[PDB]
Amino acid sequence: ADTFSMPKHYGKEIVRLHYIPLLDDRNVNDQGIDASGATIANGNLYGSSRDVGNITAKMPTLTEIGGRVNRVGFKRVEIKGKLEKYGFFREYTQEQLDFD
Amino acid sequence: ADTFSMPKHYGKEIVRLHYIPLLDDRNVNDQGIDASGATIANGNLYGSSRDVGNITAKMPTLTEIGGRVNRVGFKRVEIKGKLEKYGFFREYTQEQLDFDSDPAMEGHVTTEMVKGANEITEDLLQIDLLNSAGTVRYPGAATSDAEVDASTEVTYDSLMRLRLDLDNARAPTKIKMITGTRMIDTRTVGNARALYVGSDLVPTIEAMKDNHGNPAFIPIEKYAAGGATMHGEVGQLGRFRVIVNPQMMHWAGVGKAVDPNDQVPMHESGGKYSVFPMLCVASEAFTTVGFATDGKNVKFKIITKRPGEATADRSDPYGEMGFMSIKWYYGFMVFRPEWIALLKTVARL
Amino acid sequence: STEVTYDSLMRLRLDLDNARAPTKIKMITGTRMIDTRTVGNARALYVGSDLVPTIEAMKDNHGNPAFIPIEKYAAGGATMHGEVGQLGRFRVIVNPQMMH
Amino acid sequence: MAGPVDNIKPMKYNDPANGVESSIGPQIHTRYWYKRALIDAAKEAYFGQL
């Protein structure tokens with residue numbers, strides 16, 4: 001196990017960022033434009049799909065004139081950590097150490 | 001895969017010539033003078049026949065006077081190949097970068113976009129390989145995607161028949177047999193060829209018996225002492241070396257309706273079965289085609305325009321957006337379609 | 001009902017031996033490699049490529065496979081051109097140009 | 001099946017190998033030629049040697 005030293009004046013929590021790839025099912029956005037210049041409500045480009053039928057219909061493709069087609073986007077997420085404290089003590093008297 | 005550079009001023013097609021041998025059934029001709037002398041519609045001399053009775057009736061015989069007898073002929077065939085173009089873009093605004101809490105977002109976004117673009121070509125190549133292949137086999141009275149049921153699973157006999165079909169086309173083998181070693185608890189393995197399969201068929205392969213009720217799968221650990229290992233190898237199933245490709249595709253939703261009265265899970269999707277491929281593809285059969293590649297290395301063309309006064313125009317006199325686009329070419333063209341074999345089966349026994 | 005059987009091959013071998021036919025392939029007495037096999041005297045036998053499936057599924061008089069692949073006894077070494085194994089006391093050779 | 005609306009229609013290169021000819025006019029060559037022919041390999045003999 002590794003160890004990370006938390007700074008002093010920041011509380012009792014740690015936050016970290018995570019970046020999601022393009023061809024993934026978690027990249028859910030609204031920056032999708034079809035190959036015919038129409039919005040499709042998804043911009044992950046068939047991400048995280050292994051179906052032959054689903055692909056070959058969402059492939060980018062292009063023509064001579066070009067146009068405004070095949071738009072994409074990306075996202076990100078977060079993760080957290082925490083901290084706590086522990087301790088215990090013991091008591092005794094002087095005579096327990098002398099007459100033993 | 002190999003690459004062919006298409007010239008600039010010859011359209012979008014490639015054509016190649018093929019020469020048929022003499023004793024072949026594709027050599028239909030008209031030069032047909034027979035043994036006694038007569039014009040018949042057969043000028044190939046019993047070509048591509050393996051029947052003794054038929055053969056010992058068209059053999060070219062000669063007499064002591066010679067004459068105009070036993071003429072033959074030859075023919076030609078042609079094959080074709082094509083091309084296509086692809087590309088995609090992405091745009092953003094200026095305020096997205098200035099007010100974001102992460103100063104390193106741009107580099108991550110660009111790297112992710114490039115990496116994602118680097119996989120579409122592999123997906124296209126896999127799709128092209130899958131959609132162009134002869135000798136398609138369904139194990140057991142299926143012959144089509146609409147007759148695939150829980151009984152259409154890969155068996156030893158189907159693999160043997162596929163190997164025999166591949167050998168009948170004189171496909172070349174590239175892996176030599178290993179005769180064994182002194183190492184305790186090892187096994188001998190015959191000559192084989194590569195076979196790519198998805199990761200969803202592993203439970204089936206691990207639970208397959210041969211014709212005599214024994215486990216047909218030989219793990220890599222058994223024979224790796226005296227042999228060699230390639231990337232992704234997991235063992236030898238029959239006379240094939242199984243390679244697990246994590247990105248292998250499949251046909252989801254095709255097949256017969258799922259029967260609940262079966263003893264096996266039988267991977268399904270949308271109330272119907274699923275079809276998983278096992279592909280044996282040999283090099284030097286197909287080829288890829290590029291274009292506009294002077295040095296063959298610049299496959300992708302990237303155009304970027306940052307926000308500012310360089311994108312003023314008349315539709316946005318302030319210039320608050322920018323964009324970046326990638327485009328490229330790609331083509332596929334195949335020789336000998338009989339050297340690529342495909343077997344369609346079900347999963348998760 | 002007229003198919004290849006171990007009894008038919010044994011009868012053919014006995015008939016050939018009754019005619020004093022010569023044998024030109026010796027026997028392999030054994031090797032030091034793990035998972036190998038030993039075979040007896042044999043002679044060449046040419047078959048077409050369509051008889052492989054039925055040969056591969058033959059059983060002897062003790063419920064055991066009869067076809068021994070070439071990989072099993074190749075340590076000794078005969079390795080003729082088209083040889084693939086030894087079914088009984090015959091070395092099977094697949095000829096791609098066999099007629100019928 | 002195709003791209004977006006044209007609304008411009010410039011001098012294009014519509015597919016001449018099949019159907020619509022061209023903008024400029026007739027073409028001479030519409031395909032590149034692979035100059036190396038494909039030849040099948042020879043067979044093999046098992047009985048002649050013996």
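- Listed as the method for this PDB entry is cryo-EM; the listed resolution is 3.30 Å.

**Some words on the overall build of chain A**
Phase 1 of the analysis: The helix and strand tally for chain A stands at one helix and two strands.
Phase 2 of the analysis: Moving toward the C terminus, one meets the helices and strands of chain A in the order β-β-α.
Phase 3 of the analysis: For a compact globule of 100 residues, the expected C-alpha radius of gyration is about 13 Å, and chain A comes in at 29 Å, more than 25% above that figure.
Phase 4 of the analysis: Put simply, chain A has 100 residues, and 27% of those count as buried.
Phase 5 of the analysis: Once local pairs closer than 6 in sequence are excluded, the contacts in chain A between residues at least 24 apart make up 57%.
Phase 6 of the analysis: For chain A, the accessible surface area stands at approximately 7,800 Å², while carbon and sulfur atoms represent 51% of it.
Phase 7 of the analysis: Of the charged side chains in chain A, 14 are positive and 14 negative, and the gap between their average positions amounts to 9 Å.

**Considering the sheet that holds strand β1 (residues 32–39) of chain D**
Phase 1 of the analysis: Read from one edge of the open sheet, three strands run β3(B)-β2(B)-β1(D), paired in mixed fashion. Each of the sheet's edge strands pairs with one partner strand only, and the pair in question is β3 (76–81) of chain B together with β1 of chain D. Strand-to-strand, the axes of this sheet are offset by a mean angle of 25°, without reference to chain direction.
Phase 2 of the analysis: Two elements, strand β2 (residues 14–19) of chain B and β3 of chain B, share six bridges in a ladder whose sense is antiparallel. In the strand pairing of β3 of chain B, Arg16 of chain B is matched with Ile79 of chain B.

**A word on the arrangement of the chains**
Phase 1 of the analysis: The interface with the highest contact count, out of five pairs of chains in contact, is the one between chains A and B.
Phase 2 of the analysis: Across all C-alpha pairs, the smallest distance from chain A to chain C is 34 Å, and the two are not in contact.

**Section: the interface of chain B and chain D**
Phase 1 of the analysis: Of the residues lining the interface, 19 residues belong to chain B; the matching set on chain D comes to 18 residues.
Phase 2 of the analysis: Each partner contributes to the roughly 1,900 Å² buried at the junction of chain B and chain D, and carbon and sulfur atoms together form 57% of this total.
Phase 3 of the analysis: Where chain B touches chain D, the interface holds three salt bridges.
Phase 4 of the analysis: Between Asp40 of chain D and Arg336 of chain B there is a salt bridge, and its shortest N-O distance comes to 2.6 Å.
Phase 5 of the analysis: Residue assignment for the side of chain B that touches chain D shows that the elements contributing at least two residues are β2 and β3 of chain B.
Phase 6 of the analysis: A per-element tally of the side of chain B that touches chain D places β2 of chain B first, with six residues.

**So, the interface of chain A and chain B**
Phase 1 of the analysis: Each partner contributes residues to the interface: chain A has 26 residues there, and chain B has 28 residues.
Phase 2 of the analysis: Three residues, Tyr19, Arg50 and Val52 of chain A, lead the burial of chain A against chain B; their summed loss comes to 27% of the area buried on that side.
Phase 3 of the analysis: Where chain A packs against chain B, one counts four salt bridges.
Phase 4 of the analysis: Salt-bridge contacts for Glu91 of chain B lead to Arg71 of chain A; the nearest nitrogen and oxygen are separated by 3.0 Å.
Phase 5 of the analysis: The residue makeup of the side of chain A that touches chain B, split by class, is 16 nonpolar, five polar and five charged.

**Quick word on unusual backbone geometry**
All names here are of chain B.
Phase 1 of the analysis: Positive phi is not limited to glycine here, since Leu45 has a value of about 60°.
Phase 2 of the analysis: Its place among the elements puts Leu45 in the loop between β2 and α1 (52–55).
Phase 3 of the analysis: Not every positive phi belongs to a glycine, and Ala292 is a case in point at roughly 55°.
Phase 4 of the analysis: Positionally, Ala292 belongs in the loop between β13 (286–290) and β14 (301–305).
Phase 5 of the analysis: Relative accessible area serves as the criterion here: at 58%, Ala292 is assigned to the exposed category.

**Topic: the packing of aromatic side chains**
Phase 1 of the analysis: Under the criterion given, the structure shown has ten aromatic pairs over all chains.
Phase 2 of the analysis: For the pair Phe4 of chain B and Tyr34 of chain D, a centre-to-centre distance of 5.3 Å together with 50° between the ring planes defines the contact as tilted. On the criterion of chain membership, the pair formed by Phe4 of chain B in strand β1 (residues 3–5) and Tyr34 of chain D in strand β1 is interchain, its members lying in two chains.
Phase 3 of the analysis: Both rings, one in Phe300 of chain B and one in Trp328 of chain B, keep their centres 5.3 Å apart while their planes meet at 80°; by these two values the pair is edge-to-face. Here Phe300 of chain B is found in the loop between β13 and β14, whereas its partner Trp328 of chain B is found in strand β15 (residues 321–334), with 28 residues between them in sequence.
Phase 4 of the analysis: If you follow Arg16 of chain B out to its NZ or CZ, it ends over the ring of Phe335 of chain B, 4.8 Å from the centre.
Phase 5 of the analysis: Taking the ring centre of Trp251 of chain B as reference, the NZ or CZ of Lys344 of chain B above it sits at 4.5 Å.

**Concerning the pattern of salt bridges**
Phase 1 of the analysis: Under the defined criterion, the tally for this structure stands at 20 salt bridges over all chains.
Phase 2 of the analysis: One salt bridge in this structure joins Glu78 of chain B and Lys80 of chain B, with 3.5 Å as the shortest N-O distance.
Phase 3 of the analysis: When its relative accessible area of 44% is taken as the criterion, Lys80 of chain B is described as partly exposed.
Phase 4 of the analysis: Between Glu44 of chain D and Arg170 of chain B there is a salt bridge whose closest N-O contact spans 3.7 Å. In this pair, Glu44 of chain D sits in the segment after β1 while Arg170 of chain B sits in the loop between α4 (156–168) and β6 (193–198), so the two residues belong to two different chains.
Phase 5 of the analysis: For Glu44 of chain D, a relative accessible area of 30% corresponds to the partly exposed category.

**Considerations on the sheet that holds strand β4 (residues 90–94) of chain C**
Residues and elements named next belong to chain C.
Phase 1 of the analysis: Within the open sheet, the four strands sit side by side as β1-β4-β3-β2. Their pairing is mixed. Edge positions in the sheet fall to β1 (43–47) and β2 (68–69), since each has one partner strand and no second.
Phase 2 of the analysis: Here three bridges tie strand β3 (residues 83–86) to β4, and the two strands are oriented antiparallel to one another. Looking at β4, one finds that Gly85 is bridged to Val92.
Phase 3 of the analysis: Against the sheet, helix α1 (residues 6–18) touches β1 and β4, its axis set at about 110° to β4.

**Considering the nonpolar core**
Phase 1 of the analysis: Ranked by internal contacts, the top residues of the largest apolar core, which has 41 residues, are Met59 of chain A together with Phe88, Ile120, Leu279 and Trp328 of chain B.
Phase 2 of the analysis: Going through the elements one at a time, β4 (84–93), α3 (105–131), β12 (272–281), β15 and β16 (340–345) of chain B are the ones with two or more residues in this core.
Phase 3 of the analysis: When residues of this core are assigned to their parent elements, the largest contribution, nine residues, is made by α3 of chain B.
Phase 4 of the analysis: With residues up to four places along the chain from it excluded, the contact list for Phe88 of chain B reads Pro60, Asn70 and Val72 of chain A together with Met113, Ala117, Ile120, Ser325, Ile326 and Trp328 of chain B.
Phase 5 of the analysis: Within the second largest apolar cluster, 22 residues are counted, among which are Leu159, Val242, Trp339 and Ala341 of chain B.

**Some words on the side chain of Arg91 of chain C**
Residues and elements named next belong to chain C.
Phase 1 of the analysis: Mapped onto the elements, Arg91 comes out in strand β4.
Phase 2 of the analysis: Overall, the relative accessible area of 1% leaves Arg91 in the buried class.
Phase 3 of the analysis: Polar side-chain contacts of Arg91 include one of 3.1 Å to the side chain of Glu83.
Phase 4 of the analysis: When sequence neighbours within four positions are dropped, the list of residues in contact with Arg91 reads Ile25, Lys26, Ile28, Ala42, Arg43, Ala44, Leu45, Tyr73, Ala78, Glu83, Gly85 and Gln86.

The rules behind the values
- Residues numbered from 1 in each chain as written, not as in the entry; some residues may be left out.
- Chains lettered and ligands numbered in written order.
- Part of a larger assembly, values for the part shown.
- Heavy atoms only, no water.
- Helix = DSSP H or I, 4+ residues; strand = E, 2+ residues; numbered from the N terminus.
- Rg over C-alpha atoms; globule rule 2.2 N^0.38 Å.
- Buried < 20%, exposed > 50% of the residue type's maximum accessible area, 1.4 Å probe, protein only.
- Contact = heavy atoms within 4.5 Å.
- Areas by Shrake-Rupley, 256 points an atom, 1.4 Å probe, with all protein chains shown as cover.
- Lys, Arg positive; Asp, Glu negative; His and termini not counted.
- Charge placed at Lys NZ, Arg CZ, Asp CG, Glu CD.
- Pairing = 2+ DSSP bridges.
- Axes fitted to C-alpha atoms, helices over the stretch in contact; angles between N-to-C directions.
- Buried area = accessible area lost by both parts, 1.4 Å probe.
- Salt bridge = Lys/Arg side-chain N within 4 Å of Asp/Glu carboxyl O.
- Nonpolar A, V, L, I, M, F, W, Y, C, P; charged D, E, K, R; others polar.
- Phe/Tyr/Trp six-rings, centres within 6.5 Å; stacked < 30°, edge-to-face > 60°.
- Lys NZ or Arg CZ within 6 Å of the ring centre and 35° of its normal.
- Core = buried A, V, L, I, M, F, W, Y, C linked by side-chain atoms within 4.5 Å.
- Polar contact = N/O pair within 3.5 Å; in protein donor to acceptor, adjacent residues only side chain to side chain.

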